[PDB]
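Participant: Below you will find the structure I want to go over with you.
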There are 2 protein chains.
Amino acid sequence: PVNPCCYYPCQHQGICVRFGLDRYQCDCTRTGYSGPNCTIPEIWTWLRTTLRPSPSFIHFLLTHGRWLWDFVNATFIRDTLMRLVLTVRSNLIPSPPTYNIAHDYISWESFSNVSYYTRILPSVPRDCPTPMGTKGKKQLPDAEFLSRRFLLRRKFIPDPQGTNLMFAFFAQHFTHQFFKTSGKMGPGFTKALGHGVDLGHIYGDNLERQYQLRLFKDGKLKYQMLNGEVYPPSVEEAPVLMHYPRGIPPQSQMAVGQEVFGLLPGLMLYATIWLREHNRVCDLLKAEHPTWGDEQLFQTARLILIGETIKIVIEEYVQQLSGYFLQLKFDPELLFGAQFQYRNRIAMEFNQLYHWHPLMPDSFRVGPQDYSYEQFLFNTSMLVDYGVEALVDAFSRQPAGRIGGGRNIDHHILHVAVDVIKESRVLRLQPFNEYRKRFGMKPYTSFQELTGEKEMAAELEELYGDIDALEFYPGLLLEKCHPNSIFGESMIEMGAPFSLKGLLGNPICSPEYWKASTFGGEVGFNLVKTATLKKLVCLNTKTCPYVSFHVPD
Amino acid sequence: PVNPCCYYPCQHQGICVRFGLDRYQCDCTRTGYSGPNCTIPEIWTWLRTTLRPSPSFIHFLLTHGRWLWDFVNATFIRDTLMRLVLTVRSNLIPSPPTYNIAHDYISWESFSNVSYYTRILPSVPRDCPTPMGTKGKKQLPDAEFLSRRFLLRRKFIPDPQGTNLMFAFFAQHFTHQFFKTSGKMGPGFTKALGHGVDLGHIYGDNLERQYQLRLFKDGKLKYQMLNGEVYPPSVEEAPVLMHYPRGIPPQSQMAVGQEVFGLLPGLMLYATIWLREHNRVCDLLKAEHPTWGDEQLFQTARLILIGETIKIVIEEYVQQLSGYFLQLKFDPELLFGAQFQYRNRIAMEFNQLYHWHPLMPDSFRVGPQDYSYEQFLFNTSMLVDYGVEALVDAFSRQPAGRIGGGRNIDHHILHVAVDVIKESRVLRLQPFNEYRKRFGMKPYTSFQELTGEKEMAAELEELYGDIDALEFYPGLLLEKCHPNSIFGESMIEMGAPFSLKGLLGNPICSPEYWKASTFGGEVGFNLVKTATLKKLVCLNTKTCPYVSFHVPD
Ligand SMILES: *[C@@H]1O[C@H](CO)[C@@H](O[C@@H]2O[C@H](CO)[C@@H](O[C@@H]3O[C@H](CO[C@@H]4O[C@H](CO)[C@@H](O)[C@H](O[C@H]5O[C@H](CO)[C@@H](O)[C@H](O)[C@@H]5O)[C@@H]4O)[C@@H](O)[C@H](O)[C@@H]3O)[C@H](O)[C@H]2NC(C)=O)[C@H](O)[C@H]1NC(C)=O
Ligand SMILES: *[C@@H]1O[C@H](CO)[C@@H](O[C@@H]2O[C@H](CO)[C@@H](O[C@@H]3O[C@H](CO[C@@H]4O[C@H](CO)[C@@H](O)[C@H](O[C@H]5O[C@H](CO)[C@@H](O)[C@H](O)[C@@H]5O)[C@@H]4O)[C@@H](O)[C@H](O)[C@@H]3O)[C@H](O)[C@H]2NC(C)=O)[C@H](O)[C@H]1NC(C)=O
Ligand code: COH
Ligand code: COH
Ligand SMILES: *[C@@H]1O[C@H](CO)[C@@H](O[C@@H]2O[C@H](CO)[C@@H](O)[C@H](O)[C@H]2NC(C)=O)[C@H](O)[C@H]1NC(C)=O
Ligand SMILES: *[C@@H]1O[C@H](CO)[C@@H](O[C@@H]2O[C@H](CO)[C@@H](O)[C@H](O)[C@H]2NC(C)=O)[C@H](O)[C@H]1NC(C)=O
Ligand SMILES: *[C@@H]1O[C@H](CO)[C@@H](O[C@H]2O[C@H](CO)[C@@H](O)[C@H](O)[C@H]2NC(C)=O)[C@H](O)[C@H]1NC(C)=O
Ligand SMILES: *[C@@H]1O[C@H](CO)[C@@H](O[C@H]2O[C@H](CO)[C@@H](O)[C@H](O)[C@H]2NC(C)=O)[C@H](O)[C@H]1NC(C)=O
Ligand SMILES: CCCCC/C=C\C/C=C\C/C=C\C/C=C\CCCC(=O)O
Ligand SMILES: CCCCC/C=C\C/C=C\C/C=C\C/C=C\CCCC(=O)O
Ligand SMILES: CCCCCCCCO[C@@H]1O[C@H](CO)[C@@H](O)[C@H](O)[C@H]1O
Ligand SMILES: CCCCCCCCO[C@@H]1O[C@H](CO)[C@@H](O)[C@H](O)[C@H]1O
Ligand SMILES: CCCCCCCCO[C@@H]1O[C@H](CO)[C@@H](O)[C@H](O)[C@H]1O
Ligand SMILES: CCCCCCCCO[C@@H]1O[C@H](CO)[C@@H](O)[C@H](O)[C@H]1O
Ligand SMILES: CCCCCCCCO[C@@H]1O[C@H](CO)[C@@H](O)[C@H](O)[C@H]1O
Ligand SMILES: CCCCCCCCO[C@@H]1O[C@H](CO)[C@@H](O)[C@H](O)[C@H]1O
Ligand SMILES: CCCCCCCCO[C@@H]1O[C@H](CO)[C@@H](O)[C@H](O)[C@H]1O
Ligand SMILES: CCCCCCCCO[C@@H]1O[C@H](CO)[C@@H](O)[C@H](O)[C@H]1O
């Protein structure tokens with residue numbers, strides 16, 4: 001008997017449950033629908049669904065009225081929209097969390113074992129006809145082929161939104177605090193417990209490692225002057241597990257908090273920047289609170305960075321990305337009147353979706369010089385050689401690459417993408433379409449409809465045999481980009497929910513914590529309330545270079 | 001310079017912060033008050049405080065209108081009150097959690113290190129004049145003396161509310177899943193991570209121990225027939241760490257999930273009862289879901305018990321306790337429209353406050369027999385000798401003891417109480433009065449006012465020198481009981497908030513989880529929605545004895 005839940009009968013988030021040897025029941029509870037498979041809109045659901053504009057349309061309004069927006073921007077109408085934005089979007093990620101690689105059903109294990117990444121949709125039953133469930137071929141496209149054929153960059157396509165490398169890296173560094181898949185435990189597990197913006201990639205992810213990094217004096221972090229400028233310390237004082245290549249484990253072999261952050265100047269760069277900031281906060285705090293210990297100074301400064309980060313990420317990172325005219329804003333109080341759970345837990349689909357490797361260029365221009373992957377990767381002096389000031393200016397100036405569209409992932413790293421499609425399969429993630437529904441969209445009716453063109457499209461149909469069988473990662477990256485956008489529809493509609501749910505779900509954002517005494521003093525709060533990429537740098541360097549998440553000109 | 005926060009200047013939950021070498025500032029944020037120390041009621045706070053009846057009064061209404069209540073009971077007016085009850089009470093326990101033994105301020109460490117118990121009020125600064133802060137003597141009463149003098153039982157005072165031993169034990173067993181102080185880590189730390197009703201005292205508190213107990217077949221739990229009746233298994237199959245005395249580690253040396261549950265028949269009794277229930281659920285589930293695995297069967301049945309427990313605890317345990325005419329009710333949906341965080345974290349004051357050791361009798365009557373502490377403690381056959389049926393009937397019939405009033409803790413265990421007063425001091429818990437304010441009450445103006453009498457009172461003043469210096473645990477147990485109540489005012493007003501916050505804060509109670517498919521089937525939900533002490537027993541025994549949380553007659 002074929003496991004009925006293999007057809008995904010239940011609609012609108014209705015839970016599919018096996019009853020007896022061959023039947024199933026949908027638990028349409030609170031889905032707004034009723035019926036065998038939840039397809040009978042309650043009175044209000046019916047209204048809502050007949051009045052809600054297509055996402056396509058909203059993205060339109062949000063990217064056009066360059067007059068209506070400037071007005072709306074200078075009025076409460078902003079807070080109103082922002083509050084709307086958050087709620088609606090954030091109301092899509094189940095919390096408390098639901099399933100994990102081990103359980104396709106609620107369980108006390110799932111709730112509490114923070115090691116497990118969590119999923120939005122159950123997984124494809126280990127007994128369904130096809131690998132994706134019902135449609136498709138008994139075999140999925142060879143990820144190696146599907147990769148070089150559609151994801152491999154031929155000619156470098158830059159990002160029309162003007163995104164830049166200074167962003168590309170920040171993106172990598174930042175996301176690496178919640179995404180830390182434990183090789184030992186395999187796919188679907190994570191070292192980075194905490195699931196969020198806890199900067200556990202600066203201060204590390206275990207008390208020890210933290211301590212090993214902590215200079216236990218003035219709540220500061222350990223560091224070393226090179227050329228008279230401050231940099232992170234090396235294992236020779238900061239005796240902590242790293243990943244530098246077997247060659248010079250002593251000097252220029254720096255400890256940071258994120259095990260792998262030495263393998264690229266970009267990461268190590270930012271790493272230098274944040275550490276150099278933390279210690280800066282301390283100086284301020286310490287002057288404001290002489291009678292304070294070390295632990296305090298440390299903890300308080302940390303939170304002030306969890307704030308600064310959550311702010312820059314929203315009012316600048318997500319801004320650039322969106323392309324909106326609405327001026328996104330970070331004000332924890334906007335949700336003070338809603339029903340919101342301050343608690344997140346990184347999802348595997350969120351992980352998958354965040355693999356924006358095509359942002360990476362062809363080479364790395366740092367002034368007249370023009371390093372290559374060989375010269376760049378694992379390099380171990382570019383940072384101290386060039387200097388923060390100079391290296392930020394260099395990244396803030398070179399453009400990044402379009403994330404979507406298809407065929408724009410440099411070859412060097414093209415391997416990452418192949419593993420994702422490999423991993424995705426191990427995890428048994430449901431089909432793109434299934435995830436499209438889940439995030440409030442319509443399933444594509446054809447590859448032609450998916451991809452703006454016809455070539456790529458036809459070739460894929462020929463492979464997957466059915467649009468419904470298409471996969472999560474390939475779809476997202478093979479989907480047509482919104483006009484002049486960094487990427488298509490599905491990336492925002494699927495990403496934003498995971499994104500803001502995690503940004504505002506941080507404890508520091510709850511009413512309980514969002515006080516001026518949580519950042520010890522009014523000086524703390526204001527540091528969190530007025531943060532900026534520009535300040536994050538120019539306040540920790542001798543000189544103010546050019547910096548932003550978008551190229552100038 | 002004396003640490004100003006030693007005076008506890010800030011009022012109404014205003015955070016005290018040291019600024020400079022000798023000053024301080026109160027962060028009255030969202031306290032409803034403003035001013036140097038938060039003593040200027042906002043317009044509405046002023047209304048609220050001038051219209052809110054004394055707690056003393058409400059306890060009166062709740063324990064008198066035996067006509068108005070029967071009516072109110074048979075109408076929506078019930079749900080209204082219940083919803084009121086929850087919210088207001090639960091809105092007193094900060095969540096996300098605040099401080100811990102290590103930090104008297106918000107911190108990412110405090111939030112995430114689940115090992116730390118958490119506190120409501122900061123601690124007494126390690127530099128304040130007196131041990132309690134400002135008032136009192138440079139030395140606190142000798143806990144040994146203060147104990148025998150006021151907490152040691154002379155004549156057994158039974159509980160007027162009719163509470164019984166069947167309750168006394170359930171109480172002990174149940175509370176032992178959140179209270180597990182780690183000796184290695186010391187006071188203020190806990191083995192029982194999870195902080196709540198996760199039955200991590202049945203299924204254990206680590207995957208291993210659980211597994212070691214799991215019979216990995218039909219999602220059941222390991223067990224052994226003795227006399228033809230089901231009992232937990234012994235380490236000889238359930239190879240797990242226990243605590244039975246060095247004598248017969250083989251048979252009658254049962255494994256349960258709560259390391260110390262062999263040291264008393266009461267605990268082991270209940271232990272037998274729940275295990276015998278879990279397996280029962282499985283039988284039901286398994287028949288409803290043949291196509292189900294083991295993991296599911298297990299996890300689903302677990303949740304069905306986390307439900308059953310949370311229900312019996314509320315509609316029966318808290319009922320008996322309260323003395324209310326209002327018929328408490330467990331309906332997770334009553335909070336569906338509120339702003340409630342489904343997340344708890346046991347507090348140390350909650351721990352302290354729950355030390356109801358005086359519930360314990362003088363001897364243990366089990367029919368014509370009348371065991372003593374020697375015969376009872378560590379006994380290891382009474383359970384299988386007598387039998388669940390018979391031993392429940394025996395406890396449900398013998399009365400327990402009044403918790404408050406003073407002088408009612410049997411000598412045998414009188415030692416526990418002494419450690420509590422010792423520990424309390426290590427933790428540096430603020431004075432009774434400070435905790436009285438914090439939970440919405442008025443500080444006592446005298447010991448005479450505290451204690452209903454004059455003798456005990458005068459002697460204490462003579463010791464503490466000042467009512468304000470009085471301690472948390474001694475105050476609670478030395479406070480005058482509400483007329484005919486099991487204990488006084490401060491126990492309910494301080495206990496209920498910690499209590500319901502933890503009962504309804506359980507993930508299974510959130511909208512997300514409270515579906516019929518979380519207990520797999522409608523059969524599951526109903527098991528959770530109609531649980532009862534009576535059913536918990538009589539459905540897992542050959543015969544229905546007498547059982548309740550109050551003696552008959
Ligand atoms: C979060 O969740 C992950 C799992 O998803 C946790 O990590 C896994 O943890 C389990 C258990 O800790 C571990 O178990 C594996 O299973 C092996 C099988 O064990 C044997 O088979 C049964 C199972 O208990 C026993 O009957 C066997 O008999 C034993 O009985 C004696 C009793 O004393 C034993 O002493 C003796 O060895 C005997 O064989 C036997 O145990 C197990 O042996 C082996 O250890 C193996 O690891 C998983 O492998 C873990 N790893 C992962 C990533 O899956 C993780 O701990 C959870 N996080 C937290 C903190 O809760
Ligand atoms: C929850 O929170 C509790 C704490 O409240 C955690 O448990 C405690 O954890 C800490 C650290 O893991 C542990 O530390 C103690 O401190 C000793 C001091 O260590 C020395 O002094 C400093 C501190 O790092 C170092 O400079 C010293 O030099 C060392 O440097 C080398 C670097 O490689 C070392 O290899 C070498 O040994 C050298 O000495 C030195 O480390 C520490 O040595 C000792 O281990 C001691 O335990 C506490 O004792 C822990 N216990 C408790 C209950 O307090 C708990 O882990 C947290 N929970 C979680 C899971 O996060
Ligand atoms: C948008 C973020 C981002 C960027 C810009 C980025 C840029 C680069 C880059 C350019 C200099 C190189 C050489 C690599 C190289 C790798 N990356 Co990324 N990675 C990024 C996000 C990730 C994530 C997420 C993972 C998966 C593992 C994890 O962290 O959970 C990853 C994994 C990898 C792996 C391990 C195998 C795999 O999972 O496929 C390699 C090798 N990489 N990455
Ligand atoms: C209302 C619950 C309850 C009951 C009825 C109860 C009944 C009994 C009892 C009667 C047969 C005996 C002989 C004991 C004996 C002890 N109890 Co309790 N205890 C109870 C709740 C606790 C708590 C709570 C602790 C503190 C440790 C922990 O679990 O965190 C405790 C601790 C102890 C300790 C360790 C030292 C200490 O912390 O003081 C001993 C010994 N006991 N207990
Ligand atoms: C790491 O980066 C440094 C730059 O700091 C590389 O050295 C540069 O190499 C280019 C040519 O490759 C020269 O024209 C520059 O003048 C060099 N700068 C300096 C001061 O070294 C170095 O080759 C890189 N290392 C690796 C592993 O390739
Ligand atoms: C443990 O409990 C048993 C009861 O099961 C105790 O045995 C009883 O002892 C009394 C007198 O103390 C006798 O009158 C009963 O008839 C006995 N019952 C049985 C069948 O043993 C036993 O003494 C206790 N053990 C300890 C350590 O005291
Ligand atoms: C509910 O979901 C099932 C599964 O998709 C739908 O399909 C079943 O019934 C169809 C109607 O004739 C048949 O086409 C299929 O043979 C049958 N498939 C399965 C898996 O049972 C069913 O139609 C849906 N019902 C509604 C209300 O649309
Ligand atoms: C605010 O709190 C402080 C601390 O309790 C109060 O006490 C200070 O001021 C009092 C007024 O004269 C003096 O009696 C004390 O010397 C002084 N003590 C301290 C610790 O500074 C202060 O009065 C309070 N202010 C208000 C508005 O009541
Ligand atoms: C859980 C930790 C925090 C993770 C998230 C932080 C940054 C994620 C970056 C992008 C998220 C995915 C899609 C974003 C696209 C447009 C943003 C605006 C959407 C909106 O508002 O309408
Ligand atoms: C965190 C896990 C759950 C712990 C709590 C479970 C049981 C606790 C028992 C008693 C709690 C403290 C005081 C109770 C007194 C009266 C109850 C009704 C109060 C009310 O409603 O007005
Ligand atoms: C408590 C009421 C808060 C304000 C309610 C605003 C209702 C907006 O409802 C609609 O929701 C849609 C989501 O699909 C959006 O796309 C629309 O722009 C929005 O107008
Ligand atoms: C003019 C802007 C009006 C408000 C825009 C809200 C932006 C989010 O947009 C909407 O969010 C919902 C929640 O996930 C989704 O169901 C919809 O598909 C999406 O378009
Ligand atoms: C208040 C109404 C303002 C004008 C609304 C015009 C909506 C135009 O429609 C939009 O056009 C885009 C490109 O032209 C498409 O990509 C979108 O799918 C479509 O919604
Ligand atoms: C406050 C939010 C109201 C809903 C979104 C309105 C989006 C308006 O969008 C744009 O407005 C311009 C006005 O000058 C027109 O010229 C554009 O054609 C129109 O698409
Ligand atoms: C959203 C409105 C929900 C119902 C509001 C009921 C207001 C009850 O307000 C009062 O609060 C006091 C707390 O100190 C109780 O003691 C009183 O009995 C209660 O009447
Ligand atoms: C007739 C019953 C009306 C509602 C009774 C509410 C029971 C709780 O009572 C009140 O709870 C508040 C919240 O902690 C406290 O501030 C008050 O001190 C307490 O009396
Ligand atoms: C609606 C009003 C109904 C009658 C209210 C009578 C309140 C009586 O008052 C109560 O008396 C108790 C003992 O007599 C005291 O213990 C309480 O402190 C007091 O509030
Ligand atoms: C629905 C809740 C209303 C507020 C609580 C009312 C408590 C009433 O309390 C009791 O009511 C009896 C009525 O017969 C009187 O005889 C008692 O003296 C009075 O104390």
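Residue names in the structure tokens use chain letters A, B, ... in the order shown, residue numbers from 1 in each chain, and ligand numbers from 1 in the order shown.
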In region 22-236 of chain B, what's helix (DSSP H, G or I) per DSSP? Answer as a PyMOL selection string?
Facilitator: chain B and resi 43-51+55-61+68-73+77-90+108-112+143-150+165-175+207-213
Participant: Would you give me, as an NGL selection string, the residues of chain A that come within 6 Å of chain B, using only C-alpha atoms?
Facilitator: :A and (19-21 or 106-107 or 289-291 or 299 or 339 or 341 or 518)
Participant: Throw together the list of residues within 8 Å of ligand 1, counting only C-alpha atoms and all ligand atoms, and drop it here as a count of residues only.
Facilitator: 20
Participant: Around ligand 10, out to 9 Å and counting only C-alpha atoms and all ligand atoms, which residues are there? I want them as a PyMOL selection string.
Facilitator: chain B and resi 59+82+85-86+89+171+174-175+177-178+195-198+310+313-314+317-324+328+344-347+350+353-354+487+490-506
Participant: Those same residues, written as a compact mmCIF listing (two decimals), in the first residue's frame with N, CA and C atoms?
Facilitator:
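The resulting selection23.txt:
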```txt
# COMPACT_ATOMS: atom_id res chain seq x y z
N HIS B 59 -9.02 36.37 48.01
CA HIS B 59 -9.00 35.01 48.56
C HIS B 59 -10.30 34.79 49.30
N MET B 82 -11.10 31.96 34.80
CA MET B 82 -9.91 31.16 34.56
C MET B 82 -8.92 31.95 33.70
N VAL B 85 -7.45 34.64 35.82
CA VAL B 85 -6.52 33.99 36.73
C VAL B 85 -5.14 33.79 36.09
N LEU B 86 -5.09 32.98 35.04
CA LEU B 86 -3.84 32.71 34.34
C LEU B 86 -3.06 33.99 34.04
N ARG B 89 -1.73 36.38 36.91
CA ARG B 89 -0.77 35.66 37.72
C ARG B 89 0.52 35.45 36.90
N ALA B 171 2.99 15.13 44.92
CA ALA B 171 3.67 16.41 45.00
C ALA B 171 5.18 16.24 44.88
N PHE B 174 6.17 14.52 41.30
CA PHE B 174 5.99 15.56 40.28
C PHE B 174 7.04 16.67 40.32
N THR B 175 7.18 17.37 41.44
CA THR B 175 8.14 18.47 41.49
C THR B 175 9.57 18.06 41.25
N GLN B 177 10.91 16.69 38.82
CA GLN B 177 11.32 16.65 37.43
C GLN B 177 11.92 17.99 37.04
N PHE B 178 11.60 19.05 37.78
CA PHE B 178 12.19 20.36 37.48
C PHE B 178 13.23 20.75 38.52
N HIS B 195 13.49 22.51 32.35
CA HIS B 195 12.72 23.34 33.26
C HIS B 195 11.20 23.23 33.19
N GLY B 196 10.63 22.08 33.47
CA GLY B 196 9.19 22.03 33.40
C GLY B 196 8.57 20.67 33.50
N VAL B 197 7.44 20.51 32.84
CA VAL B 197 6.72 19.26 32.85
C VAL B 197 7.05 18.50 31.57
N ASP B 198 8.22 17.87 31.54
CA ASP B 198 8.63 17.11 30.37
C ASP B 198 8.74 15.66 30.76
N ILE B 310 -0.23 17.70 33.09
CA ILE B 310 -0.55 19.12 33.19
C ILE B 310 -2.02 19.34 33.52
N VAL B 313 -2.63 18.00 37.34
CA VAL B 313 -1.99 18.96 38.21
C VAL B 313 -2.89 20.17 38.43
N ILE B 314 -3.47 20.70 37.36
CA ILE B 314 -4.33 21.88 37.47
C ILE B 314 -5.75 21.63 37.99
N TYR B 317 -4.84 18.92 41.48
CA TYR B 317 -3.76 19.21 42.42
C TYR B 317 -3.87 20.65 42.93
N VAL B 318 -3.83 21.60 42.01
CA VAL B 318 -3.93 23.01 42.37
C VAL B 318 -5.30 23.31 42.97
N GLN B 319 -6.31 22.54 42.59
CA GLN B 319 -7.66 22.72 43.11
C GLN B 319 -7.62 22.53 44.62
N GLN B 320 -7.43 21.28 45.04
CA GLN B 320 -7.36 20.92 46.45
C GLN B 320 -6.59 21.96 47.23
N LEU B 321 -5.42 22.27 46.71
CA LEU B 321 -4.54 23.23 47.34
C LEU B 321 -5.19 24.58 47.61
N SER B 322 -5.70 25.19 46.54
CA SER B 322 -6.33 26.51 46.60
C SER B 322 -7.43 26.66 47.65
N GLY B 323 -8.43 25.79 47.58
CA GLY B 323 -9.53 25.86 48.51
C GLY B 323 -10.64 26.66 47.85
N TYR B 324 -10.38 27.06 46.61
CA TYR B 324 -11.33 27.84 45.83
C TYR B 324 -12.64 27.11 45.57
N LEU B 328 -11.17 25.60 38.90
CA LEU B 328 -10.04 25.73 37.98
C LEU B 328 -10.19 24.81 36.77
N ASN B 344 9.51 28.24 29.83
CA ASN B 344 9.76 28.40 31.25
C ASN B 344 11.21 28.08 31.60
N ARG B 345 11.59 28.41 32.82
CA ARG B 345 12.94 28.18 33.31
C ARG B 345 12.84 28.27 34.82
N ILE B 346 12.86 27.12 35.49
CA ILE B 346 12.74 27.07 36.93
C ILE B 346 13.61 28.07 37.68
N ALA B 347 13.02 28.68 38.68
CA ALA B 347 13.68 29.69 39.49
C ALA B 347 14.13 29.08 40.80
N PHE B 350 11.49 29.61 43.44
CA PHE B 350 10.38 28.69 43.22
C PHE B 350 10.78 27.38 43.86
N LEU B 353 10.64 27.85 47.83
CA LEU B 353 9.22 27.89 48.18
C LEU B 353 8.48 26.56 48.13
N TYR B 354 8.95 25.65 47.29
CA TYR B 354 8.29 24.36 47.14
C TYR B 354 8.76 23.31 48.13
N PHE B 487 -1.84 26.64 54.07
CA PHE B 487 -0.78 27.60 54.33
C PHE B 487 -1.23 29.03 54.08
N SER B 490 1.39 34.54 51.52
CA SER B 490 2.61 34.52 50.72
C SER B 490 2.91 33.27 49.92
N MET B 491 2.41 32.12 50.33
CA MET B 491 2.67 30.88 49.59
C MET B 491 1.95 30.83 48.25
N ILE B 492 0.70 31.28 48.23
CA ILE B 492 -0.11 31.28 47.02
C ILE B 492 0.30 32.41 46.10
N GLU B 493 0.31 33.62 46.65
CA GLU B 493 0.67 34.79 45.88
C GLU B 493 2.07 34.74 45.26
N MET B 494 2.97 33.95 45.85
CA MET B 494 4.34 33.80 45.35
C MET B 494 4.47 32.52 44.54
N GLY B 495 3.68 31.51 44.91
CA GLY B 495 3.71 30.23 44.23
C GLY B 495 2.96 30.10 42.91
N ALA B 496 1.70 30.54 42.89
CA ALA B 496 0.85 30.48 41.70
C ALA B 496 1.49 31.03 40.43
N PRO B 497 2.13 32.20 40.50
CA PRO B 497 2.78 32.80 39.33
C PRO B 497 3.84 31.88 38.73
N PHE B 498 4.70 31.34 39.59
CA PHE B 498 5.74 30.43 39.16
C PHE B 498 5.08 29.18 38.65
N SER B 499 4.02 28.79 39.33
CA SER B 499 3.27 27.58 39.02
C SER B 499 2.55 27.55 37.68
N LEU B 500 1.65 28.49 37.43
CA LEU B 500 0.92 28.47 36.17
C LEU B 500 1.80 28.91 35.01
N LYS B 501 2.76 29.79 35.28
CA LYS B 501 3.65 30.23 34.21
C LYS B 501 4.33 29.00 33.63
N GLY B 502 4.65 28.05 34.51
CA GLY B 502 5.31 26.83 34.11
C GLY B 502 4.37 25.78 33.59
N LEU B 503 3.14 25.74 34.10
CA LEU B 503 2.16 24.76 33.62
C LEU B 503 1.72 25.09 32.20
N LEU B 504 1.28 26.32 31.95
CA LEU B 504 0.81 26.71 30.61
C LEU B 504 1.91 27.12 29.66
N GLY B 505 3.11 27.30 30.17
CA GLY B 505 4.23 27.68 29.32
C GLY B 505 4.87 26.50 28.60
N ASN B 506 4.31 25.32 28.82
CA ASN B 506 4.79 24.10 28.21
C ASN B 506 4.45 24.12 26.73
```
Participant: Find the residues of chain B that sit at most 8 Å from ligand 18; for each, write down the nearest two atoms and how far apart they are in Å, to one decimal. Count only C-alpha atoms and all ligand atoms. Sort by chain, then by number going up, and give it as CSV.
Facilitator:
```
residue,atom,partner,partner_atom_place_in_ligand_line,distance
B:58,CA,ligand 18,5 (C),7.5
B:60,CA,ligand 18,20 (O),6.7
B:61,CA,ligand 18,7 (C),3.8
B:62,CA,ligand 18,7 (C),6.2
B:63,CA,ligand 18,9 (O),7.4
B:64,CA,ligand 18,10 (C),4.7
B:65,CA,ligand 18,11 (O),3.2
B:66,CA,ligand 18,12 (C),6.5
B:67,CA,ligand 18,14 (O),5.3
B:68,CA,ligand 18,13 (C),5.4
B:69,CA,ligand 18,1 (C),6.8
B:72,CA,ligand 18,1 (C),5.7
B:77,CA,ligand 18,1 (C),6.7
B:81,CA,ligand 18,1 (C),7.7
```
Participant: At a cut-off of 10 Å around ligand 7, and using only C-alpha atoms and all ligand atoms, what residues come up? Please write them as a list in words.
Facilitator: residues 2, 3, 4, 5, 6, 7, 8, 9, 10, 11, 22, 23, 24, 25, 26, 34, 35, 36, 37, 38, 39, 40 and 134 of chain A
Participant: Name all residues at most 7 Å from residue 42 (chain B) (count only C-alpha atoms; drop same-chain ones fewer than 2 positions away) and give them as a ChimeraX atom specification.
Facilitator: /B:32-33,40,44-46
Participant: Which parts of region 249-413 of chain B does DSSP call strand (DSSP E or B) when run on the backbone here, written out as a VMD selection string?
Facilitator: chain B and resid 254 347 364 to 366 369 to 371 399 401 409
Participant: With a distance cut-off of 6 Å and only C-alpha atoms, select the neighbouring residues of residue 166 (chain A), excluding the residue or stretch itself and same-chain residues fewer than 2 positions from it, and output the selection as a PyMOL selection string.
Facilitator: chain A and resi 164+168-169+395-396+549
Participant: With distances taken over only C-alpha atoms, which residue among A:432, A:124, A:403, A:117 lies nearest residue 180 (chain A)?
Facilitator: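 Among the listed residues, the smallest separation from residue 180 (chain A) belongs to A:117.
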Participant: Do a neighbour search on residue 274 (chain B) at 9 Å with only C-alpha atoms, toss out local chain neighbours closer than 4 positions, and write the hits as a VMD selection string.
Facilitator: chain B and resid 202 269 to 270 278 to 279 305 536 to 537 540
Participant: Which polymer residues have any atom within 8 Å of an atom of residue 388 (chain A), counting only C-alpha atoms, with same-chain residues fewer than 2 positions away left out, as number ranges by chain?
Facilitator: A: 269, 273, 383-384, 386, 390-392, 541
